[PDB]
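Considered here are two forms of the same protein chain, supplied as structure tokens in two stand-alone entries, structure 1 and structure 2.
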Structure 1
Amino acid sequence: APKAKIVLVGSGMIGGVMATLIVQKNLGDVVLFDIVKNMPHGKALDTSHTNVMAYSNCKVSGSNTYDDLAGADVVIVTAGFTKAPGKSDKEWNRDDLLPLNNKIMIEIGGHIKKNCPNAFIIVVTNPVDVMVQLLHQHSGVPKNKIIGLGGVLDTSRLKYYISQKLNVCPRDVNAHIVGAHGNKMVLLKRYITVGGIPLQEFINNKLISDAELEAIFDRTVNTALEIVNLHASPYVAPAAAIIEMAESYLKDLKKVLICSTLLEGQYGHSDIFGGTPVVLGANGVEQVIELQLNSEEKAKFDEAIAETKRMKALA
């Protein structure tokens, strides 16, 4: 009334799952945009039939034409590479995607600025905390209208693994991972709860040990690498996390979700994007929540931001 138009800039693995989920949730019309000929049209056609099964009414079209960004309410950018040429799966590292994906963000930014400067933008392309700022710079959109995927996905993994040990509903575990989406992501032990209860109570009761949690933390950090080596760069959970973010915007849910956003002094950092809880509603990023980190937690945050900064200089 009128339906949202959601343009998926990138129609690869994450793009495909997002289109599926958008139709399931009847969230809006979908454009699967890609530079690859034919493929987005095929995925769009396949996906469009699910309107019947889902009792939805969302158009799904493919596109190779950047001007289809015109009219977009939400733009989700997954365009780019998941691996660097010559690198084995064992040495997979998001940092190595920087020289492959940087020029793509600049190009897409220019098209967003021309065609849909008032759209809400979600950047996914890795290394995401670098790429989101690059796209912010070139798209010209306001700081409250662009975020990067990271924390919703990283914490989904931490929350899930803890829930398996404790035999509780996965979403009843809450947790914070901040700073950057990469190997220096900051897993804040102090900010884990189970049914709203400090995780430390469960540790005290010997229901999960500190050593078990350490292993879960390592597993969380290395989850993408683990999945890359088993199969592929992850896509199902990334897509679900992105759609949770987009839905909070579209429906004005005002969920607290950890995303990469422009810092303007929070944690002692400015002029850079980093992962922190934000509130997503109809006005985009309605609030940037600054966790009251202690000095040791802040030092870990600084290590994460330093990686983003290092790569930004290489970009």
Structure 2
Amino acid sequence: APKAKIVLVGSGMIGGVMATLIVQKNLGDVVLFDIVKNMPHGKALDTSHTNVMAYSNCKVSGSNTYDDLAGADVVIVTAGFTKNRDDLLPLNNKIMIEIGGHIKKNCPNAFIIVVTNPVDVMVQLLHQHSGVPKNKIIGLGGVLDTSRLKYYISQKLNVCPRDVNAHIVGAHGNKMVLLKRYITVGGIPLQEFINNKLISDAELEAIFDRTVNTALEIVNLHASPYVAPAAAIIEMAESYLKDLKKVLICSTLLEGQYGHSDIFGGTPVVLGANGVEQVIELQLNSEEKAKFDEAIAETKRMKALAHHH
């Protein structure tokens, strides 16, 4: 069938939520790939039954074989060690190299979404080893980080969460750049709401800090924050598959935007049938650019540690 084939390279906790959401949305056939024996087949089996409840017809199959990447339209990479964090960098580089080789051989035309931490480094490593065009590979970041910021502001203002829009750029992770100037509520500048004393600057500062620290907050509450990451990835994948042309903030190859080249960073892009159809460069002021620069420097620092043991 001409249904899309979506291969999840990595079938951990985020993988299972992604599979669930693909079936809910009838987005395409799913392969849960993982190096762990049996487990992806078990999760695939469980998930496949939900086709009945969902009125969908998506195959869900497990795989321990890289060659099942053949014919993939979308590949989502979450595989990688997670337990210095910097020590994992050369190990995960090797994983990106291996995965990239298989993409080059089996599905060179696939659209690739990378998630493996640190994403802004790992996406570029996979880009270089997979050989795919710059418009066909992106990293998770801004959709996820802004979902937090948007959500927290929406609860304060008592409006629909999607009606808050916001931009976090540069990198996923602790050096993410939260741009106060680019927040809107129902399309209205947030500053109007500050002027009206519906929300204060001090509240926003606390919300900014909460946003940066959210993954840590959930971990400290004895949960693992994989559900929102899954939903953000599926929003990205869906925009590609359905040619929605949504503006979504993702990690993409910079070719001079923000004064930066030869590196991936978080910025609004337009995702449609041709992949990254547009890279949007926010017209940052010097103070915002300085923070963007710090985010890029940290990506570069980690990229340098990733190459050798």
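Rigid core here is just the name for the largest C-alpha set that superposes within 1.5 Å across the two forms. Structure 1's sequence is the ruler for residue numbers, which start at 1.
Chemist: With the two forms superposed on the core, which of 223, 163, 233, 193 shows a CA shift of 2 angstroms or more between the two structures?
Modeler: Of all the options, the C-alpha that shifts by at least 2 Å belongs to 233.
Chemist: Under a superposition restricted to the rigid core, does residue 140 display a Cα displacement of 2 angstroms or more between the two structures?
Modeler: It does not, since the residue 140 C-alpha is displaced less than 2 Å between the two structures after the core fit.
Chemist: Does the distance between the two CA positions of residue 100 reach 2 Å or more between the two structures, the core being superposed?
Modeler: Comparing forms between the two structures, the residue 100 CA shifts at least 2 Å.
Chemist: Could you tell me the distance the CA of residue 67 travels between the two structures after a rigid core superposition, in angstrom?
Modeler: Looking at the C-alpha of residue 67 between the two structures, the offset is 0.3 Å.
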